[PDB]
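Pasting entry_11.cif here (mmCIF, N, CA and C atoms):
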data_protein
#
loop_
_atom_site.label_atom_id
_atom_site.label_comp_id
_atom_site.auth_asym_id
_atom_site.auth_seq_id
_atom_site.Cartn_x
_atom_site.Cartn_y
_atom_site.Cartn_z
N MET A 1 47.09 51.34 -3.75
CA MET A 1 45.77 51.05 -3.11
C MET A 1 45.87 49.73 -2.35
N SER A 2 45.21 49.68 -1.20
CA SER A 2 45.22 48.47 -0.37
C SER A 2 44.62 47.30 -1.13
N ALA A 3 43.50 47.54 -1.81
CA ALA A 3 42.84 46.50 -2.57
C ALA A 3 41.75 47.10 -3.46
N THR A 4 41.97 47.04 -4.77
CA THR A 4 41.00 47.58 -5.73
C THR A 4 40.63 46.52 -6.76
N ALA A 5 39.33 46.33 -6.96
CA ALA A 5 38.83 45.34 -7.91
C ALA A 5 37.62 45.89 -8.66
N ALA A 6 37.50 45.50 -9.93
CA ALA A 6 36.39 45.96 -10.75
C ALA A 6 35.06 45.44 -10.20
N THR A 7 35.08 44.21 -9.70
CA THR A 7 33.87 43.61 -9.13
C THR A 7 32.72 43.71 -10.11
N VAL A 8 32.85 43.04 -11.25
CA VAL A 8 31.82 43.08 -12.27
C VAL A 8 30.48 42.61 -11.70
N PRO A 9 29.39 43.09 -12.25
CA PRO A 9 28.03 42.72 -11.78
C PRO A 9 27.72 41.24 -12.02
N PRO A 10 26.68 40.73 -11.40
CA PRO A 10 26.26 39.31 -11.57
C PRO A 10 26.16 38.91 -13.04
N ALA A 11 26.61 37.69 -13.34
CA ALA A 11 26.57 37.19 -14.71
C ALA A 11 25.13 37.08 -15.20
N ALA A 12 24.23 36.66 -14.30
CA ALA A 12 22.83 36.51 -14.66
C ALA A 12 22.68 35.69 -15.93
N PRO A 13 22.90 34.40 -15.84
CA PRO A 13 22.79 33.48 -17.01
C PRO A 13 21.45 33.62 -17.72
N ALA A 14 20.38 33.80 -16.95
CA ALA A 14 19.05 33.94 -17.52
C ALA A 14 18.68 32.69 -18.32
N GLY A 15 17.61 32.02 -17.90
CA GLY A 15 17.16 30.82 -18.58
C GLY A 15 15.89 30.27 -17.94
N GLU A 16 16.02 29.14 -17.25
CA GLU A 16 14.87 28.53 -16.59
C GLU A 16 13.74 28.30 -17.59
N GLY A 17 14.10 27.87 -18.79
CA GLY A 17 13.10 27.61 -19.83
C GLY A 17 12.22 26.43 -19.45
N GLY A 18 10.95 26.50 -19.84
CA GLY A 18 10.01 25.43 -19.53
C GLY A 18 8.62 25.76 -20.06
N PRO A 19 8.53 26.11 -21.31
CA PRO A 19 7.23 26.47 -21.95
C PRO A 19 6.25 25.30 -21.95
N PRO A 20 4.99 25.57 -22.23
CA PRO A 20 3.94 24.51 -22.27
C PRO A 20 4.38 23.31 -23.11
N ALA A 21 5.07 23.58 -24.22
CA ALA A 21 5.53 22.51 -25.10
C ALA A 21 4.36 21.64 -25.55
N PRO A 22 3.49 22.19 -26.36
CA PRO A 22 2.30 21.45 -26.87
C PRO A 22 2.66 20.48 -28.00
N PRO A 23 1.80 19.53 -28.26
CA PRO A 23 2.03 18.53 -29.33
C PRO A 23 2.66 19.14 -30.58
N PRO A 24 3.35 18.35 -31.36
CA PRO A 24 4.02 18.83 -32.61
C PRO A 24 3.00 19.26 -33.67
N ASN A 25 3.35 20.29 -34.43
CA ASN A 25 2.46 20.79 -35.47
C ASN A 25 2.25 19.72 -36.55
N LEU A 26 3.32 19.01 -36.89
CA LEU A 26 3.25 17.96 -37.91
C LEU A 26 3.46 16.59 -37.28
N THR A 27 2.76 15.60 -37.82
CA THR A 27 2.87 14.24 -37.30
C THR A 27 4.30 13.72 -37.46
N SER A 28 4.87 13.93 -38.64
CA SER A 28 6.23 13.48 -38.92
C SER A 28 6.97 14.50 -39.78
N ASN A 29 8.29 14.58 -39.59
CA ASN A 29 9.10 15.52 -40.35
C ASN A 29 10.56 15.08 -40.35
N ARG A 30 11.31 15.53 -39.34
CA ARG A 30 12.72 15.17 -39.24
C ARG A 30 13.28 15.60 -37.88
N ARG A 31 13.33 16.91 -37.65
CA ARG A 31 13.85 17.44 -36.40
C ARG A 31 13.02 16.93 -35.22
N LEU A 32 11.70 16.94 -35.39
CA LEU A 32 10.80 16.49 -34.34
C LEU A 32 11.04 15.02 -34.02
N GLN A 33 11.24 14.22 -35.06
CA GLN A 33 11.48 12.80 -34.88
C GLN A 33 12.72 12.57 -34.02
N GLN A 34 13.76 13.35 -34.28
CA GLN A 34 15.00 13.22 -33.53
C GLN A 34 14.78 13.57 -32.06
N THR A 35 13.78 14.40 -31.80
CA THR A 35 13.49 14.80 -30.43
C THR A 35 12.92 13.62 -29.64
N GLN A 36 12.71 13.84 -28.35
CA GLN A 36 12.17 12.80 -27.47
C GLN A 36 10.65 12.88 -27.42
N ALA A 37 10.09 13.96 -27.96
CA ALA A 37 8.65 14.15 -27.97
C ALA A 37 7.97 13.04 -28.77
N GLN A 38 8.71 12.46 -29.71
CA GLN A 38 8.17 11.39 -30.55
C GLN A 38 7.96 10.12 -29.73
N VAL A 39 9.01 9.65 -29.07
CA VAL A 39 8.93 8.44 -28.26
C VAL A 39 8.05 8.68 -27.04
N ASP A 40 7.95 9.94 -26.62
CA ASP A 40 7.14 10.28 -25.46
C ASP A 40 5.67 9.92 -25.70
N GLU A 41 5.19 10.22 -26.91
CA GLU A 41 3.80 9.92 -27.25
C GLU A 41 3.58 8.41 -27.33
N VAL A 42 4.63 7.69 -27.73
CA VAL A 42 4.53 6.24 -27.85
C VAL A 42 4.30 5.60 -26.48
N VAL A 43 4.72 6.29 -25.43
CA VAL A 43 4.56 5.78 -24.07
C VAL A 43 3.08 5.63 -23.74
N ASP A 44 2.29 6.65 -24.09
CA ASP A 44 0.85 6.61 -23.83
C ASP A 44 0.20 5.46 -24.58
N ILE A 45 0.59 5.29 -25.84
CA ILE A 45 0.03 4.22 -26.66
C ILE A 45 0.40 2.85 -26.09
N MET A 46 1.66 2.71 -25.69
CA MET A 46 2.12 1.44 -25.13
C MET A 46 1.35 1.10 -23.86
N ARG A 47 1.11 2.11 -23.03
CA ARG A 47 0.39 1.91 -21.78
C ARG A 47 -1.01 1.37 -22.06
N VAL A 48 -1.67 1.94 -23.06
CA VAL A 48 -3.01 1.51 -23.42
C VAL A 48 -3.01 0.06 -23.88
N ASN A 49 -2.03 -0.29 -24.71
CA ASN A 49 -1.94 -1.65 -25.23
C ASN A 49 -1.85 -2.65 -24.08
N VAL A 50 -1.14 -2.27 -23.03
CA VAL A 50 -0.99 -3.14 -21.87
C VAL A 50 -2.33 -3.41 -21.21
N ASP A 51 -3.12 -2.36 -21.05
CA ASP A 51 -4.43 -2.49 -20.42
C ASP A 51 -5.50 -2.84 -21.46
N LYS A 52 -5.12 -2.80 -22.73
CA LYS A 52 -6.04 -3.11 -23.81
C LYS A 52 -6.46 -4.57 -23.75
N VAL A 53 -5.48 -5.45 -23.58
CA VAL A 53 -5.76 -6.87 -23.52
C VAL A 53 -6.61 -7.19 -22.29
N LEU A 54 -6.28 -6.57 -21.17
CA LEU A 54 -7.01 -6.80 -19.94
C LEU A 54 -8.47 -6.37 -20.09
N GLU A 55 -8.67 -5.22 -20.72
CA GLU A 55 -10.01 -4.70 -20.91
C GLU A 55 -10.76 -5.52 -21.96
N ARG A 56 -12.05 -5.74 -21.73
CA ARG A 56 -12.87 -6.52 -22.65
C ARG A 56 -14.15 -5.77 -23.00
N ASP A 57 -14.66 -6.02 -24.20
CA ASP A 57 -15.88 -5.36 -24.65
C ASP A 57 -17.11 -6.09 -24.14
N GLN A 58 -17.71 -5.56 -23.08
CA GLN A 58 -18.89 -6.17 -22.49
C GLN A 58 -20.11 -5.95 -23.38
N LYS A 59 -20.83 -7.02 -23.67
CA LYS A 59 -22.02 -6.93 -24.51
C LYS A 59 -23.08 -6.06 -23.85
N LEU A 60 -23.25 -6.24 -22.54
CA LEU A 60 -24.24 -5.47 -21.80
C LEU A 60 -23.90 -3.99 -21.84
N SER A 61 -22.61 -3.68 -21.69
CA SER A 61 -22.16 -2.30 -21.71
C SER A 61 -22.92 -1.47 -20.68
N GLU A 62 -23.75 -2.14 -19.88
CA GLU A 62 -24.53 -1.45 -18.86
C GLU A 62 -23.62 -0.80 -17.83
N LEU A 63 -22.37 -1.23 -17.81
CA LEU A 63 -21.40 -0.68 -16.87
C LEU A 63 -21.84 -0.96 -15.43
N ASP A 64 -22.90 -1.74 -15.29
CA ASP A 64 -23.41 -2.08 -13.96
C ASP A 64 -22.55 -3.15 -13.32
N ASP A 65 -22.01 -2.85 -12.14
CA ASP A 65 -21.17 -3.80 -11.42
C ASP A 65 -21.96 -5.05 -11.07
N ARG A 66 -23.19 -4.86 -10.61
CA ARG A 66 -24.05 -5.99 -10.24
C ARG A 66 -25.48 -5.74 -10.69
N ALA A 67 -26.19 -6.82 -11.02
CA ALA A 67 -27.58 -6.72 -11.47
C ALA A 67 -28.44 -7.76 -10.76
N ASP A 68 -27.80 -8.69 -10.07
CA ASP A 68 -28.52 -9.74 -9.35
C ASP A 68 -29.37 -9.13 -8.24
N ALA A 69 -28.85 -8.10 -7.59
CA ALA A 69 -29.57 -7.44 -6.52
C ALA A 69 -29.86 -8.41 -5.38
N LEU A 70 -28.80 -9.03 -4.86
CA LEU A 70 -28.95 -9.98 -3.76
C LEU A 70 -29.85 -9.41 -2.67
N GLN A 71 -29.24 -8.84 -1.65
CA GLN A 71 -29.99 -8.27 -0.55
C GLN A 71 -29.06 -7.54 0.42
N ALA A 72 -28.36 -8.31 1.25
CA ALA A 72 -27.43 -7.73 2.22
C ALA A 72 -26.42 -8.77 2.68
N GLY A 73 -25.24 -8.30 3.08
CA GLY A 73 -24.19 -9.20 3.54
C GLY A 73 -22.82 -8.55 3.41
N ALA A 74 -21.77 -9.36 3.47
CA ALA A 74 -20.41 -8.86 3.35
C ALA A 74 -20.18 -8.23 1.98
N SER A 75 -20.76 -8.85 0.95
CA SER A 75 -20.61 -8.34 -0.41
C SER A 75 -19.14 -8.25 -0.80
N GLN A 76 -18.86 -8.31 -2.10
CA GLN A 76 -17.49 -8.24 -2.58
C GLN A 76 -16.97 -6.81 -2.52
N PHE A 77 -17.89 -5.86 -2.35
CA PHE A 77 -17.51 -4.46 -2.27
C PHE A 77 -16.58 -4.21 -1.09
N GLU A 78 -16.94 -4.77 0.06
CA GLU A 78 -16.12 -4.61 1.26
C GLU A 78 -14.76 -5.28 1.08
N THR A 79 -14.76 -6.46 0.48
CA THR A 79 -13.52 -7.19 0.25
C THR A 79 -12.63 -6.44 -0.74
N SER A 80 -13.26 -5.78 -1.71
CA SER A 80 -12.51 -5.03 -2.71
C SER A 80 -11.69 -3.93 -2.06
N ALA A 81 -12.30 -3.22 -1.12
CA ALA A 81 -11.62 -2.13 -0.42
C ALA A 81 -10.40 -2.66 0.33
N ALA A 82 -10.46 -3.92 0.73
CA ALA A 82 -9.36 -4.54 1.47
C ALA A 82 -8.09 -4.55 0.62
N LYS A 83 -8.26 -4.80 -0.68
CA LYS A 83 -7.12 -4.84 -1.59
C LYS A 83 -6.44 -3.48 -1.66
N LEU A 84 -7.24 -2.42 -1.74
CA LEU A 84 -6.70 -1.07 -1.82
C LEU A 84 -5.93 -0.74 -0.54
N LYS A 85 -6.50 -1.11 0.60
CA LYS A 85 -5.86 -0.84 1.88
C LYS A 85 -4.56 -1.62 2.00
N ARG A 86 -4.54 -2.83 1.46
CA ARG A 86 -3.36 -3.67 1.52
C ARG A 86 -2.17 -2.97 0.87
N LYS A 87 -2.44 -2.20 -0.17
CA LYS A 87 -1.38 -1.48 -0.87
C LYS A 87 -0.66 -0.52 0.07
N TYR A 88 -1.43 0.20 0.88
CA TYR A 88 -0.85 1.14 1.83
C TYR A 88 -0.03 0.41 2.89
N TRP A 89 -0.55 -0.73 3.35
CA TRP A 89 0.14 -1.52 4.36
C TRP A 89 1.11 -2.49 3.71
N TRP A 90 1.81 -3.26 4.54
CA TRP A 90 2.78 -4.24 4.04
C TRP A 90 2.94 -5.39 5.03
N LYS A 91 1.99 -6.31 5.02
CA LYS A 91 2.04 -7.46 5.92
C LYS A 91 2.99 -8.52 5.38
N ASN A 92 3.42 -8.35 4.13
CA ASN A 92 4.34 -9.30 3.51
C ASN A 92 5.67 -9.32 4.26
N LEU A 93 6.13 -8.15 4.68
CA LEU A 93 7.39 -8.05 5.40
C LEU A 93 7.33 -8.82 6.71
N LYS A 94 6.20 -8.71 7.39
CA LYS A 94 6.02 -9.40 8.66
C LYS A 94 6.12 -10.91 8.47
N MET A 95 5.57 -11.40 7.36
CA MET A 95 5.61 -12.83 7.06
C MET A 95 7.04 -13.30 6.88
N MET A 96 7.87 -12.44 6.29
CA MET A 96 9.27 -12.78 6.07
C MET A 96 10.06 -12.71 7.37
N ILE A 97 9.77 -11.69 8.18
CA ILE A 97 10.48 -11.52 9.44
C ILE A 97 10.21 -12.69 10.38
N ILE A 98 8.94 -13.06 10.50
CA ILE A 98 8.55 -14.17 11.36
C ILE A 98 9.04 -15.49 10.79
N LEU A 99 8.98 -15.61 9.47
CA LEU A 99 9.41 -16.83 8.81
C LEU A 99 10.89 -17.09 9.07
N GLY A 100 11.69 -16.03 9.01
CA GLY A 100 13.12 -16.15 9.24
C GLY A 100 13.41 -16.65 10.65
N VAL A 101 12.60 -16.21 11.60
CA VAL A 101 12.78 -16.62 12.99
C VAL A 101 12.61 -18.13 13.12
N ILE A 102 11.56 -18.66 12.52
CA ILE A 102 11.30 -20.10 12.58
C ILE A 102 12.43 -20.88 11.94
N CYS A 103 12.82 -20.46 10.75
CA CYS A 103 13.90 -21.12 10.03
C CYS A 103 15.21 -21.04 10.81
N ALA A 104 15.41 -19.91 11.49
CA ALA A 104 16.62 -19.71 12.27
C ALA A 104 16.74 -20.78 13.35
N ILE A 105 15.61 -21.15 13.94
CA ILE A 105 15.60 -22.16 14.99
C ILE A 105 16.07 -23.51 14.44
N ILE A 106 15.58 -23.86 13.26
CA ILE A 106 15.94 -25.12 12.63
C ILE A 106 17.44 -25.16 12.35
N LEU A 107 17.97 -24.05 11.85
CA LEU A 107 19.39 -23.97 11.53
C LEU A 107 20.23 -24.18 12.78
N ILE A 108 19.81 -23.57 13.88
CA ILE A 108 20.53 -23.70 15.14
C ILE A 108 20.54 -25.15 15.61
N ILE A 109 19.38 -25.80 15.50
CA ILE A 109 19.27 -27.19 15.93
C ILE A 109 20.18 -28.08 15.09
N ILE A 110 20.18 -27.85 13.78
CA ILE A 110 21.02 -28.65 12.89
C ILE A 110 22.49 -28.44 13.21
N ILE A 111 22.87 -27.19 13.43
CA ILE A 111 24.26 -26.87 13.74
C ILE A 111 24.68 -27.51 15.05
N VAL A 112 23.82 -27.42 16.05
CA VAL A 112 24.11 -28.00 17.35
C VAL A 112 24.14 -29.52 17.26
N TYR A 113 23.17 -30.08 16.55
CA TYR A 113 23.09 -31.52 16.40
C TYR A 113 24.33 -32.06 15.71
N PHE A 114 24.74 -31.39 14.65
CA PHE A 114 25.91 -31.80 13.89
C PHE A 114 27.15 -31.80 14.77
N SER A 115 27.31 -30.73 15.55
CA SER A 115 28.45 -30.59 16.44
C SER A 115 28.20 -31.30 17.76
N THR A 116 26.94 -31.65 18.00
CA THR A 116 26.56 -32.33 19.24
C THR A 116 27.32 -31.75 20.43
#
Exercise: express the given structure as structure tokens:
Amino acid sequence: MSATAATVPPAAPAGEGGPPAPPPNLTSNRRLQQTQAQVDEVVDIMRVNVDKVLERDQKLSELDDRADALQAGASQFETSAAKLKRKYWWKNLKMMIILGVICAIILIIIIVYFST
């Protein structure tokens, strides 16, 4: 025969596992502890602790941002939005780029002056 081969069918590993994987049935045991699901839950707790100190128990608990009821003006509300927008933008890089230019001039002058 010119060329004969069995050409077995696809191996078809079959897998792609990824079930819901809900919380552990028991708080503590042994096998579960060895798993990463244990430390995974600690991540949420640790995150809260970080923001726990920052957060404070307000006596008013009114959750009201303001109660003075000024009237009208720029208000801190408008300024607050500026912070959020700043995150999207990056004017810090511009400050470094321009800053380097100024410093570059000084370096050139010093180098030239030294070598006169």
* To do: Between atom N of residue A:38 and atom CA of residue A:26, measure the distance and give it in Å to one decimal.
  => 11.3 Å
Taking the chain letters and numbering used in this document, name the residues of stretch 62-93 of chain A that DSSP puts in helix (DSSP H, G or I), as a PDB file with N, CA and C atoms, keeping the file's coordinate frame.
ATOM      1  N   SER A  75     -20.760  -8.850   0.950  1.00  0.00           N
ATOM      2  CA  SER A  75     -20.610  -8.340  -0.410  1.00  0.00           C
ATOM      3  C   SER A  75     -19.140  -8.250  -0.800  1.00  0.00           C
ATOM      4  N   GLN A  76     -18.860  -8.310  -2.100  1.00  0.00           N
ATOM      5  CA  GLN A  76     -17.490  -8.240  -2.580  1.00  0.00           C
ATOM      6  C   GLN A  76     -16.970  -6.810  -2.520  1.00  0.00           C
ATOM      7  N   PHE A  77     -17.890  -5.860  -2.350  1.00  0.00           N
ATOM      8  CA  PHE A  77     -17.510  -4.460  -2.270  1.00  0.00           C
ATOM      9  C   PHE A  77     -16.580  -4.210  -1.090  1.00  0.00           C
ATOM     10  N   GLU A  78     -16.940  -4.770   0.060  1.00  0.00           N
ATOM     11  CA  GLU A  78     -16.120  -4.610   1.260  1.00  0.00           C
ATOM     12  C   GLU A  78     -14.760  -5.280   1.080  1.00  0.00           C
ATOM     13  N   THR A  79     -14.760  -6.460   0.480  1.00  0.00           N
ATOM     14  CA  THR A  79     -13.520  -7.190   0.250  1.00  0.00           C
ATOM     15  C   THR A  79     -12.630  -6.440  -0.740  1.00  0.00           C
ATOM     16  N   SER A  80     -13.260  -5.780  -1.710  1.00  0.00           N
ATOM     17  CA  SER A  80     -12.510  -5.030  -2.710  1.00  0.00           C
ATOM     18  C   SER A  80     -11.690  -3.930  -2.060  1.00  0.00           C
ATOM     19  N   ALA A  81     -12.300  -3.220  -1.120  1.00  0.00           N
ATOM     20  CA  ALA A  81     -11.620  -2.130  -0.420  1.00  0.00           C
ATOM     21  C   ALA A  81     -10.400  -2.660   0.330  1.00  0.00           C
ATOM     22  N   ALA A  82     -10.460  -3.920   0.730  1.00  0.00           N
ATOM     23  CA  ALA A  82      -9.360  -4.540   1.470  1.00  0.00           C
ATOM     24  C   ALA A  82      -8.090  -4.550   0.620  1.00  0.00           C
ATOM     25  N   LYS A  83      -8.260  -4.800  -0.680  1.00  0.00           N
ATOM     26  CA  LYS A  83      -7.120  -4.840  -1.590  1.00  0.00           C
ATOM     27  C   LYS A  83      -6.440  -3.480  -1.660  1.00  0.00           C
ATOM     28  N   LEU A  84      -7.240  -2.420  -1.740  1.00  0.00           N
ATOM     29  CA  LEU A  84      -6.700  -1.070  -1.820  1.00  0.00           C
ATOM     30  C   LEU A  84      -5.930  -0.740  -0.540  1.00  0.00           C
ATOM     31  N   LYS A  85      -6.500  -1.110   0.600  1.00  0.00           N
ATOM     32  CA  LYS A  85      -5.860  -0.840   1.880  1.00  0.00           C
ATOM     33  C   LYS A  85      -4.560  -1.620   2.000  1.00  0.00           C
ATOM     34  N   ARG A  86      -4.540  -2.830   1.460  1.00  0.00           N
ATOM     35  CA  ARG A  86      -3.360  -3.670   1.520  1.00  0.00           C
ATOM     36  C   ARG A  86      -2.170  -2.970   0.870  1.00  0.00           C
ATOM     37  N   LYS A  87      -2.440  -2.200  -0.170  1.00  0.00           N
ATOM     38  CA  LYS A  87      -1.380  -1.480  -0.870  1.00  0.00           C
ATOM     39  C   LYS A  87      -0.660  -0.520   0.070  1.00  0.00           C
ATOM     40  N   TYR A  88      -1.430   0.200   0.880  1.00  0.00           N
ATOM     41  CA  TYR A  88      -0.850   1.140   1.830  1.00  0.00           C
ATOM     42  C   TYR A  88      -0.030   0.410   2.890  1.00  0.00           C
ATOM     43  N   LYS A  91       1.990  -6.310   5.020  1.00  0.00           N
ATOM     44  CA  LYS A  91       2.040  -7.460   5.920  1.00  0.00           C
ATOM     45  C   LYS A  91       2.990  -8.520   5.380  1.00  0.00           C
ATOM     46  N   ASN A  92       3.420  -8.350   4.130  1.00  0.00           N
ATOM     47  CA  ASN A  92       4.340  -9.300   3.510  1.00  0.00           C
ATOM     48  C   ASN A  92       5.670  -9.320   4.260  1.00  0.00           C
ATOM     49  N   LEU A  93       6.130  -8.150   4.680  1.00  0.00           N
ATOM     50  CA  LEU A  93       7.390  -8.050   5.400  1.00  0.00           C
ATOM     51  C   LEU A  93       7.330  -8.820   6.710  1.00  0.00           C
TER      52      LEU A  93
END
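Across the model, the gap from atom CA of residue A:81 to atom CA of residue A:67 is 19.9 Å.
Note that atom CA of residue A:23 and atom CA of residue A:37 are 8.1 Å apart.
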Stretch 93-104 of chain A rebuilt with N, CA, C and O atoms, output as a compact mmCIF listing (two decimals), in the frame of the given file:
# COMPACT_ATOMS: atom_id res chain seq x y z
N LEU A 93 6.13 -8.15 4.68
CA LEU A 93 7.39 -8.05 5.40
C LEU A 93 7.33 -8.82 6.71
O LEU A 93 8.28 -9.50 7.09
N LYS A 94 6.20 -8.71 7.39
CA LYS A 94 6.02 -9.40 8.66
C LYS A 94 6.12 -10.91 8.47
O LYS A 94 6.68 -11.62 9.30
N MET A 95 5.57 -11.40 7.36
CA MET A 95 5.61 -12.83 7.06
C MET A 95 7.04 -13.30 6.88
O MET A 95 7.39 -14.42 7.24
N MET A 96 7.87 -12.44 6.29
CA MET A 96 9.27 -12.78 6.07
C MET A 96 10.06 -12.71 7.37
O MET A 96 10.92 -13.55 7.63
N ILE A 97 9.77 -11.69 8.18
CA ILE A 97 10.48 -11.52 9.44
C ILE A 97 10.21 -12.69 10.38
O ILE A 97 11.12 -13.24 10.99
N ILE A 98 8.94 -13.06 10.50
CA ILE A 98 8.55 -14.17 11.36
C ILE A 98 9.04 -15.49 10.79
O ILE A 98 9.46 -16.38 11.53
N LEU A 99 8.98 -15.61 9.47
CA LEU A 99 9.41 -16.83 8.81
C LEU A 99 10.89 -17.09 9.07
O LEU A 99 11.30 -18.22 9.32
N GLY A 100 11.69 -16.03 9.01
CA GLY A 100 13.12 -16.15 9.24
C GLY A 100 13.41 -16.65 10.65
O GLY A 100 14.34 -17.43 10.86
N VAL A 101 12.60 -16.21 11.60
CA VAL A 101 12.78 -16.62 12.99
C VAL A 101 12.61 -18.13 13.12
O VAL A 101 13.42 -18.80 13.77
N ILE A 102 11.56 -18.66 12.52
CA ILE A 102 11.30 -20.10 12.58
C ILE A 102 12.43 -20.88 11.94
O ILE A 102 12.94 -21.84 12.51
N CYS A 103 12.82 -20.46 10.75
CA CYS A 103 13.90 -21.12 10.03
C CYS A 103 15.21 -21.04 10.81
O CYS A 103 16.01 -21.97 10.81
N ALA A 104 15.41 -19.91 11.49
CA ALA A 104 16.62 -19.71 12.27
C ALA A 104 16.74 -20.78 13.35
O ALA A 104 17.84 -21.25 13.65
